[PDB]
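Going by the entry's author numbering, the first sequence wraps up at 343, each residue one higher than the last.
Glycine included, C-beta positions come from ideal geometry on N, C-alpha and C.
Have a look at the structure below, then the notes.
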Amino acid sequence: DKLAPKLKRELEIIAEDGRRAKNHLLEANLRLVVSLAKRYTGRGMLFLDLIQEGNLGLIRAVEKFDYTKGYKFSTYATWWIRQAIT
DNA sequence: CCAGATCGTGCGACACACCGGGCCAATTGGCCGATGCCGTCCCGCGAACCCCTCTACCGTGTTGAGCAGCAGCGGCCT
């Protein structure tokens with residue numbers, strides 16, 4: 258749909274804002290991954306490898322999160338982070 | 001001295017020498033032909049085997065020695 262240039266600009270701006278929001282959520286939640294991954298230390302894999310795998314798990318969780326359930330975001334992220342790490 | 005061993009000689013036997021015949025025994029060894037059991041394969045189903053996915057009270061920090069180059073500083077020079 259052609260729509261109007263101003264509406265297209267506004268839609269692009271909100272899309273960029275949503276991308277920024279996703280990023281911001283990821284940086285805010287990296288500390289949770291770091292906290293979770295420290296109790297699996299040893300057993301071959303090193304600390305930073307575990308942290309990065311947990312980061313991938315957290316990204317996956319953020320890709321599939323909803324707020325209608327009225328629960329704090331830490332729970333879903335914790336489940337997925339532990340699953341990915343193990 | 002003279003009589004048997006050795007050998008000469010002789011007669012016979014004769015064990016085969018031949019080189020050629022004319023049949024035979026034993027013993028075949030092929031698979032002929034007919035009959036029968038095993039290797040291969042093509043499913044058929046099912047046990048297991050490996051991979052992927054998701055869970056929402058919440059939870060937010062791991063010696064000695066030798067030789068050479070670089071950083072800081074005292075002190076001219078402008």
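For residue i, name the three-state secondary structure that DSSP assigns.
i: residue 306; result: helix
i: residue 300; result: coil
i: residue 332; result: helix
i: residue 314; result: helix
i: residue 260; result: coil
i: residue 274; result: helix
i: residue 321; result: coil
i: residue 265; result: helix
Given a cut-off of 8 Å on the beta-carbon distance, is the pair residue i and residue j in contact?
i: residue 289; j: residue 334; result: yes
i: residue 278; j: residue 317; result: no
i: residue 293; j: residue 339; result: yes
Thinking just about the alpha-carbon of each residue, which of the options is nearest to the one in residue i?
i: residue 276; options: 319, 308, 295; result: 319
i: residue 343; options: 325, 291, 307; result: 307
Using the beta-carbon count (16 or more within 10 Å), is residue i buried or exposed?
i: residue 337; result: buried
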